[PDB]
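Notes for the one structure printed next.
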Amino acid sequence: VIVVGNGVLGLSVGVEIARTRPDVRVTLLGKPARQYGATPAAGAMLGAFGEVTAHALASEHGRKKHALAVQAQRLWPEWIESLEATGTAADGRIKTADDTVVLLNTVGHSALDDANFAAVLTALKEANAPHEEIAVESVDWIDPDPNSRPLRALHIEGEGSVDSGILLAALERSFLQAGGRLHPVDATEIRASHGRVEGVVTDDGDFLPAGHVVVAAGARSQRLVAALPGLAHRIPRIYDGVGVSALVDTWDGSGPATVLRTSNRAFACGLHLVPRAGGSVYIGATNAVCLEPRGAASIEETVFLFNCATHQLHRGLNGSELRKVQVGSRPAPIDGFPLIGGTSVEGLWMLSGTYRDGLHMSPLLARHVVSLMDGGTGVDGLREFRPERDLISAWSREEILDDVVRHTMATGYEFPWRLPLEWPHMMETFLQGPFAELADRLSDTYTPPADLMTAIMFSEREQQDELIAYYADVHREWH
Amino acid sequence: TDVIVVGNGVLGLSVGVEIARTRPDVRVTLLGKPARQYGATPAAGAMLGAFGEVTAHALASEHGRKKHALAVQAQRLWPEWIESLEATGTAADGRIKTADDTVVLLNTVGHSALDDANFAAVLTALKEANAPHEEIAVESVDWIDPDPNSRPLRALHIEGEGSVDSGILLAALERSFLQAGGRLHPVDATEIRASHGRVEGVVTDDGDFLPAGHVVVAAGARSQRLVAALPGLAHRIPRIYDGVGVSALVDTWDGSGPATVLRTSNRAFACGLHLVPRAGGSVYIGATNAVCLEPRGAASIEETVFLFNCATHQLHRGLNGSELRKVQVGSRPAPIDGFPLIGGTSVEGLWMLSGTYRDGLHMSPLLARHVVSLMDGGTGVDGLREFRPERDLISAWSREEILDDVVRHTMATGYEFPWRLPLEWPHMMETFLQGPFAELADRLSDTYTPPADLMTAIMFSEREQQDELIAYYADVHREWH
Amino acid sequence: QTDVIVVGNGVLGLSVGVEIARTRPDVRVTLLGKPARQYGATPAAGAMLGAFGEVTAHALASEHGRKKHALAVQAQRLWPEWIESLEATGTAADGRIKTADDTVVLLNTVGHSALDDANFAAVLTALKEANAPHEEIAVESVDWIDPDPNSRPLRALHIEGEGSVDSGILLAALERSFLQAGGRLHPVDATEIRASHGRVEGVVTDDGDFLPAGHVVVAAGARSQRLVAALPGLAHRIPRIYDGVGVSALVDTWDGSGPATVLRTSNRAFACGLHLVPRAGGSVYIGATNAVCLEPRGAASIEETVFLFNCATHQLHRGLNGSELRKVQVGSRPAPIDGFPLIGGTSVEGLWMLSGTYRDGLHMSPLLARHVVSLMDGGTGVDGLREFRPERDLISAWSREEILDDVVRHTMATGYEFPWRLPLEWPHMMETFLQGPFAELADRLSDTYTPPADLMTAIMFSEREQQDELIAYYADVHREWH
Amino acid sequence: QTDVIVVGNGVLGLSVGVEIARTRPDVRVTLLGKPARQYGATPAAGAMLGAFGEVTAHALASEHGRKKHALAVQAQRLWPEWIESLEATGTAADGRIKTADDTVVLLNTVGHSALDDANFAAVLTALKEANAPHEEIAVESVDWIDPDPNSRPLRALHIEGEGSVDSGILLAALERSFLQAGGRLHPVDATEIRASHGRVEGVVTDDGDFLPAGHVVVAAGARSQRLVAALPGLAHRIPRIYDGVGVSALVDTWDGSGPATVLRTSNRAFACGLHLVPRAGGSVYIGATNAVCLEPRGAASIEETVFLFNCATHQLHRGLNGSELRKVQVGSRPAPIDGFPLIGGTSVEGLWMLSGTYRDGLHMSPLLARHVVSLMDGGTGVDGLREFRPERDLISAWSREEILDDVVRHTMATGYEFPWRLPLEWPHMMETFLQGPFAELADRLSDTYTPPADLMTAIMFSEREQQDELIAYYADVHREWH
Ligand SMILES: Cc1cc2nc3c(=O)[nH]c(=O)nc-3n(C[C@H](O)[C@H](O)[C@H](O)COP(=O)(O)OP(=O)(O)OC[C@H]3O[C@@H](n4cnc5c(N)ncnc54)[C@H](O)[C@@H]3O)c2cc1C
Ligand SMILES: Cc1cc2nc3c(=O)[nH]c(=O)nc-3n(C[C@H](O)[C@H](O)[C@H](O)COP(=O)(O)OP(=O)(O)OC[C@H]3O[C@@H](n4cnc5c(N)ncnc54)[C@H](O)[C@@H]3O)c2cc1C
């Protein structure tokens with residue numbers, strides 16, 4: 001078995017294969033640099049209820065994704081214990097907090113933040129999850145700017161955070177202990193003939209043979225499998241959801257006891273603080289879908305992240321020391337849903353397109369793919385997210401066009417801007433036309449979700465035309 | 001016996017109506033001109049504020065918990081009082097009542113130390129009095145279309161807390177006064193005449209003299225200045241200053257209006273944002289407050305901008321494109337010790353009804369019946385005895401409480417703008433404000449401390465005006481100790 | 001008859017009335033209009049005697065605009081004698097018409113570079129070309145001003161002999177001077193002009209009466225076209241005049257002081273601008289907003305009052321913040337649909353028009369008065385004003401392309417003038433998304449006529465019915481003239 | 001021993017090392033310091049060759065300040081030959097030290113009038129007095145810049161022959177030139193200077209070793225005083241040097257472009273400032289914040305990064321918003337407690353100091369190098385450097401009154417530079433309430449010494465213990481010298 005990729009998904013599937021099949025040799029590719037790596041840039045939140053939006057819980061596909069995340073939450077306590085057990089006290093703790101506080105402030109669009117706070121509260125009640133709406137005065141540690149302060153707060157029990165760096169170290173250590181082999185090179189090419197995997201050509205010229213290849217190369221995953229015959233239009237494209245976060249040494253070495261977060265905001269960005277050991281905090285995180293990868297933060301992203309954290313969470317962060325600006329690529333699937341499971345090629349498996357919550361879902365997704373590889377059926381509701389599929393259409397064109405305009409306006413309210421009071425209504429009405437025109441021009445059947453549509457809108461004419469050709473070719477293959 | 005009421009505000013006319021109806025024996029004359037120079041009443045929306053007027057700082061003093069209780073009592077008189085005033089007119093005179101209910105909104109365009117504390121205090125006071133009310137989803141508040149960055153995140157529906165049209169109320173009081181046999185004489189009192197400790201009557205500003213055995217002073221912010229001319233009384237009747245207030249009448253873009261009063265809790269130095277409905281495609285928006293040591297009859301640019309910016313962002317962006325019909329200015333009678341001047345004097349037949357600051361209009365029917373009862377040999381309403389006009393200045397708060405209050409409220413003028421500052425600046429201004437206000441309080445008197453609303457005015461007044469107040473405070477101490 | 005009726009009691013009506021009465025003592029001159037001056041531009045004006053201050057790059061780029069500038073310089077030379085001739089009919093207690101001799105133009109960054117930077121250069125250039133006396137001065141040397149440092153000027157321009165009048169005292173002096181020269185004030189409004197066999201008979205008034213005349217001069221500001229359009233054929237031969245609604249304010253200064261000069265910026269988004277005109281007695285005038293409306297409006301909007309007060313308190317003097325508001329003023333600048341005045345004779349004998357002066361009718365009043373009087377007496381008046389004859393095809397002084405660039409720039413300028421605070425990529429996004437809807441509107445309205453920017457923004461945000469009515473108007477005008 | 005040890009591998013250490021090695025081929029010159037350059041000012045610098053750009057009205061109002069300005073003009077004349085002499089020891093592929101020949105100073109309103117307006121005038125005046133070539137230019141003529149119109153400049157000043165170096169390539173060229181002239185690099189730190197009978201013996205290093213020498217030049221940036229103060233009596237005879245912590249950034253421009261000149265403002269609140277220094281290969285340098293800290297700090301604060309990035313994206317180029325951040329840099333400007341450098345000889349024979357250069361050590365390096373070398377060789381070096389001898393009483397270059405005006409103005413300037421938005425009466429209120437607490441602090445610290453504004457603000461917001469320690473220091477210095 002060859003696992004291509006050394007993120008949380010690659011290492012999590014590698015650990016589960018190695019522990020479950022002591023008979024077989026499991027090799028994991030990827031370099032310690034983790035170029036464009038989502039995982040090292042993550043806080044990370046074990047986000048289930050925190051990730052709830054009204055827009056997600058309005059599609060069937062979205063209610064399924066939410067159910068899996070609740071399931072994944074139940075595996076974390078044992079999974080952590082099983083990974084910490086292969087190390088000692090000095091390797092540090094994977095778990096960084098047990099609980100999450102969701103804050104509602106007015107530094108954002110009512111049509112996102114108000115709707116999403118209600119949707120979160122509703123989803124917690126429906127799943128009988130333990131939680132409490134609390135007085136903002138009772139939230140410890142936070143010292144916001146009064147003009148940016150929260151007026152409602154929501155304590156969620158058993159929704160916490162891990163140190164993504166210590167998790168990666170624990171997965172690697174646990175992989176070696178169970179007999180896995182780390183080979184620090186990149187796959188250039190997957191070899192297949194007569195509908196079967198032969199193995200993987202590596203970037204130092206070598207060839208490794210295998211009967212099983214699991215692709216978990218984050219945002220590079222589809223580009224790798226698409227080179228095989230016919231698969232270019234049968235595996236949905238994955239783009240880079242570029243994300244900026246930061247490590248900060250607090251002025252007084254303090255930190256909050258819980259995760260602090262807002263609901264998801266414009267184009268699936270969001271404001272959160274994840275606690276860390278040793279007088280550090282994690283703050284994140286921006287999101288921008290890019291058609292080409294990018295390994296460095298923009299000035300705009302750094303300023304936005306720091307302005308939100310200092311005003312909405314703690315003014316003390318203003319006088320605190322910046323240790324590190326982190327950048328990673330959320331694997332952003334073109335149809336807004338993960339690529340998990342088997343292929344029309346025997347022994348070829350895919351584990352990618354997890355966007356915001358691959359890390360959270362890692363233990364569930366790992367056990368699902370391992371079960372499928374062993375002749376089982378894995379977890380029930382994952383069937384729809386099979387990697388070899390027609391692009392999913394989870395929303396009407398009309399729903400997406402309302403969403404893209406709302407989210408575009410939300411980039412204004414989140415700044416927050418100060419405008420003449422008639423300007424917002426004028427921009428609302430003048431945004432509808434150009435986005436309606438773009439959607440009609442791209443395809444008669446497929447509509448990109450908002451996050452991707454805004455990226456396409458501000459891309460070059462050549463990049464747009466290439467997407468028209470892609471969408472048309474996918475329609476030819478499937479309809 | 002002749003009665004003269006000096007002043008044609010809600011208090012003067014309300015006491016006039018109650019005297020005329022209750023004492024057909026006596027001839028009652030009411031002074032004051034249709035211009036109503038500095039008049040608080042014509043500038044008022046006005047809200048029938050009881051629970052809406054609740055602040056943590058008010059409900060932390062004994063004197064404040066009493067004032068709150070009276071306001072609940074006054075609310076119960078309004079339905080019959082309105083019916084009794086509307087009955088003397090016809091359909092074409094219009095309705096006094098403009099709304100039955102109030103929605104209190106909480107947004108972040110203000111200080112947490114005022115707006116958060118005051119929202120909790122209101123919710124607590126409604127539960128304690130078992131008053132009908134409901135915390136409601138903001139999405140369910142009709143009509144409002146705020147700027148999302150200025151929007152409310154909590155709303156509170158209060159049943160039976162409403163509003164009157166102050167202009168139609170004044171017209172109904174005048175009409176009801178004439179009907180019950182009162183006489184309107186449209187001149188101003190210049191001087192009250194007394195000898196051998198008894199009122200003889202009133203010299204008017206056209207040179208005339210009207211005799212009377214009873215004179216009720218309800219001249220709003222001019223009330224103390226009028227009585228202080230009599231011997232010894234300069235330091236025995238607490239001073240009343242002008243709480244200058246700006247409001248506006250707006251013709252809405254589409255002729256619509258909210259069905260309820262829309263308001264925030266009280267804000268920096270007893271200002272606040274509210275919209276009171278009106279008939280005929282108009283709304284009232286108010287209202288600023290600034291205590292001034294001299295009267296002022298015109299709005300400042302700053303006040304108009306602040307009022308319009310708050311209403312357009314926090315209540316309805318449609319007000320931005322709406323037509324300004326009228327900018328209104330009136331003087332809230334602001335008593336130097338923060339409590340009303342209601343009742344009898346050391347001079348026989350001399351009565352005072354003033355210093356009501358924010359809520360004289362709301363309390364008018366109760367205050368009217370109280371003074372009328374005292375005039376007829378009764379005891380009126382319990383606990384209004386404490387606000388007798390001839391007294392030593394009251395000390396309802398420690399110097400320490402007021403200095404915390406004045407700094408908090410000063411910072412609140414920043415958060416209400418709202419300003420945008422570097423994040424360390426507010427803490428720096430907080431610490432550098434304490435000293436100058438502590439220094440001012442120590443310099444003014446060893447016993448008396450002005451409440452916050454007045455202290456900020458004194459801080460930014462001239463050196464001569466400050467020294468004159470040191471002499472006033474010292475002279476009051478001499479008289480009473 | 002040989003009777004003259006002037007319809008309208010603004011600066012133009014009263015100025016033409018005074019010149020007729022003084023020049024024709026033989027004939028009876030009657031002037032209509034009420035003391036309320038409903039929608040009156042003149043009482044709402046500061047007013048600036050604007051020539052060089054009114055210079056924009058966009059104006060000095062069209063032929064029609066370079067002509068307008070030349071007339072304004074000419075009008076400036078008449079003001080000293082005109083004032084003396086009006087003050088002479090009164091006494092000391094009637095007060096002074098002139099309120100300042102000089103103007104300072106300020107450049108700050110509370111606005112669009114594409115307007116304020118270009119227009120400051122255009123003003124400086126036009127002063128040098130005309131050899132007019134002026135000096136670029138240190139901002140530190142500008143007396144009185146106390147701006148917010150973040151809104152302060154970094155360049156200032158002193159213009160000698162470009163000053164201001166009190167519009168109220170001017171109106172009082174014109175009325176008094178009209179009576180003195182033998183004119184009669186009849187305080188009613190004209191409802192209808194009577195003509196038959198291509199000749200004026202007179203005017204039906206709003207109290208039911210009929211006044212006969214051989215001459216009718218229409219100077220009814222923004223109501224002027226609506227009045228003449230009722231005559232046969234003239235509906236599509238006299239270009240429409242709309243209301244350029246303007247808000248200004250009288251303020252009693254905190255300490256009773258005022259600047260010795262006019263203080264102003266160059267003209268800004270959609271021909272608004274910030275200025276302070278001195279007044280006697282501890283008052284200043286601040287103005288002035290501009291918004292073209294398809295229907296008249298007699299009350300300021302909240303938005304206009306806030307914008308005017310925010311600009312004055314930040315850009316001129318923070319002391320205005322603590323100063324007392326005496327009066328909010330509203331008047332209608334007569335806004336001609338083709339962006340040029342309506343001055344002179346008609347196809348109807350004895351019917352004359354004096355309107356569509358937009359921002360500078362008051363400044364040009366003495367010149368315009370003498371021009372119309374000269375035409376009435378068989379002369380040719382002033383040379384370049386023949387072009388602005390009221391009975392004409394709509395003028396096309398700019399290409400559709402020039403106007404579409406202008407309307408987008410000016411729209412963005414309403415942002416920079418607020419001033420807004422936005423993420424840095426938002427302005428470029430709004431620029432590109434504004435082009436399409438305005439290009440679409442211009443193509444839909446007519447294949448030949450394009451409204452100027454000030455009017456196009458008003459049409460863009462008007463109702464569908466009002467837009468369709470304008471398509472019918474433009475088409476009917478094309479039918480009449482082509 | 002005729003051995004020379006230079007302690008420190010910044011621009012000053014390496015510049016004095018190069019000049020000693022080239023001028024004394026007879027003697028062994030050894031230079032200490034590690035390639036990490038912990039807290040190193042030089043690697044964090046753009047850097048500007050700032051003479052006229054560094055001019056403030058406040059500097060040119062003291063005698064001590066006019067002297068400092070004169071030295072900077074002198075240093076400018078040495079740069080062309082100094083660069084040629086350093087580039088000559090390498091080849092084309094080592095890169096160019098010079099990154100621009102010229103500087104544009106921009107004036108915008110995103111700041112205090114009392115600093116930016118006064119400092120623009122002071123710069124223009126100082127250029128004329130020194131007969132330096134320069135021109136006030138139209139802002140429209142400044143290449144490359146694309147500011148936010150609300151943050152744009154309205155005046156610009158082109159300075160010829162005031163340029164920039166790549167601080168990294170300069171360090172590489174100094175090292176190369178040092179080895180070429182026979183110098184020896186020993187990459188350890190000095191822990192202690194050895195002296196007995198009033199003479200230097202040598203230097204104990206941080207790996208336990210001892211290097212002997214007859215000459216020790218201390219150029220250890222902000223660590224320089226702490227090192228020499230350990231010798232007897234010198235604790236109160238060498239003025240303290242604190243860390244002027246500075247944040248800058250390397251940015252890869254969206255399109256790989258860069259300006260042809262340095263772009264800068266005048267110096268702003270507490271000696272911060274906005275500048276862009278060009279670099280080769282699609283990079284620009286942006287800087288630079290300043291905060292005097294009583295303890296060293298090796299990491300930027302969130303506040304510093306946000307302020308630097310907000311100023312650059314609004315005031316210079318909006319394209320920087322979408323550009324990639326390559327590196328956030330932090331270095332310690334050596335901040336002398338009396339606001340003047342420590343350059344020259346000591347009461348200890350063979351002990352020399354070269355530090356406390358704050359903002360312009362790099363610029364002055366060639367002059368300061370030649371001065372110390374001349375003193376070491378029995379000469380008098382450069383004339384106006386005498387006052388800045390390292391062993392001295394604290395200088396009092398300003399009255400307490402001048403500093404208290406300065407600290408309040410600069411404090412307010414942190415507001416206007418944000419830029420904040422407040423109610424218009426708030427600034428005057430904070431001005432009057434700031435005077436008291438700073439007057440109280442100054443009186444409490446000493447009856448004779450007053451810290452300059454940059455240091456006073458740091459002391460004001462430090463702990464009570466740190467303040468009391470400064471009262472003891474000031475009192476001990478008074479005891480020693482009076
Ligand atoms: C800023 C940020 C914040 C986040 N916050 C959260 C959070 O709060 N909660 C949460 O649950 N999740 C969070 N995530 C992560 C999210 O869940 C992602 O979907 C998840 O990390 C994806 O994991 P992955 O292993 O598929 O990809 P990655 O983490 O990108 O790992 C893929 C690896 O494959 C390597 N690779 C690429 N090409 C090759 C090749 N040819 N050969 C070999 N190796 C190759 C890459 O270098 C990389 O190391 C965050 C991500 C980002 C960027
Ligand atoms: C806010 C503002 C500021 C200005 N500032 C300046 C400035 O600084 N400098 C400058 O040169 N100019 C200024 N102007 C004015 C500009 O020059 C105008 O072009 C000029 O005032 C037009 O004068 P008018 O007499 O044509 O119209 P108006 O002044 O509008 O007078 C027309 C009069 O006719 C009356 N009328 C209407 N219908 C009838 C009828 N049927 N019968 C009789 N009478 C009727 C109206 O009620 C009104 O009183 C300003 C205008 C405004 C609104």
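Starting from 1 in every chain, residues are counted up; chains themselves are A, B, ... following the order of the structure tokens, and ligands are numbered from 1 as listed.
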Would you kindly report the residues of chain C within 8 Å of chain B, using only C-alpha atoms, as JSON, numbers by chain?
{"C": [299, 300, 301, 302, 303, 305, 306, 309, 310, 320, 321, 322, 323, 324, 325, 326]}
Residues of chain A within 6 Å of chain C, only C-alpha atoms counted, as a PyMOL selection string
chain A and resi 417-419
Which of region 121-207 of chain D counts as alpha helix (DSSP H) under DSSP, as an MDAnalysis selection string please?
chainID D and resid 121:129 167:180
Keeping only C-alpha atoms, write the selected residues as a short mmCIF file (atom, residue, chain, number, x, y, z; two decimals), in the first residue's frame.
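Result file is result24.cif:
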data_model
loop_
_atom_site.label_atom_id
_atom_site.label_comp_id
_atom_site.auth_asym_id
_atom_site.auth_seq_id
_atom_site.Cartn_x
_atom_site.Cartn_y
_atom_site.Cartn_z
CA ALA D 121 8.72 73.39 5.34
CA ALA D 122 11.87 72.57 7.47
CA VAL D 123 13.05 70.05 4.77
CA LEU D 124 12.49 72.59 1.90
CA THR D 125 14.37 75.29 3.94
CA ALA D 126 17.31 72.95 4.85
CA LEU D 127 17.73 71.91 1.13
CA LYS D 128 17.92 75.62 0.05
CA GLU D 129 20.42 76.53 2.91
CA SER D 167 21.36 46.68 3.63
CA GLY D 168 21.96 42.91 3.01
CA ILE D 169 24.22 43.41 -0.05
CA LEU D 170 26.03 46.27 1.85
CA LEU D 171 26.77 43.85 4.78
CA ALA D 172 28.03 41.16 2.28
CA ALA D 173 30.26 43.81 0.52
CA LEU D 174 31.67 45.08 3.91
CA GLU D 175 32.52 41.47 5.02
CA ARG D 176 34.14 40.66 1.59
CA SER D 177 36.06 44.02 1.67
CA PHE D 178 37.17 43.30 5.30
CA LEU D 179 38.67 39.83 4.41
CA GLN D 180 40.31 41.34 1.23
#
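What separates CA of residue 195 (chain D) from CA of residue 337 (chain D) is a distance of 25.4 Å.
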All residues within 6 Å of ligand 2 are required, counting only C-alpha atoms and all ligand atoms; please report them as a VMD selection string.
chain C and resid 7 to 13 32 to 33 37 to 42 44 to 50 189 to 191 219 to 221 223 246 to 248 288 331 to 334 355 357 to 363
Which polymer residues have any atom within 6 Å of an atom of region 445-455 of chain C, counting only C-alpha atoms, with same-chain residues fewer than 3 positions away left out, as a ChimeraX atom specification?
/C:270,292,403,407,442,458,471
Could you write out as a VMD selection string the residues of chain D within 7 Å of chain C, counting only C-alpha atoms?
chain D and resid 109 to 113 149 to 152 154 318 416 424
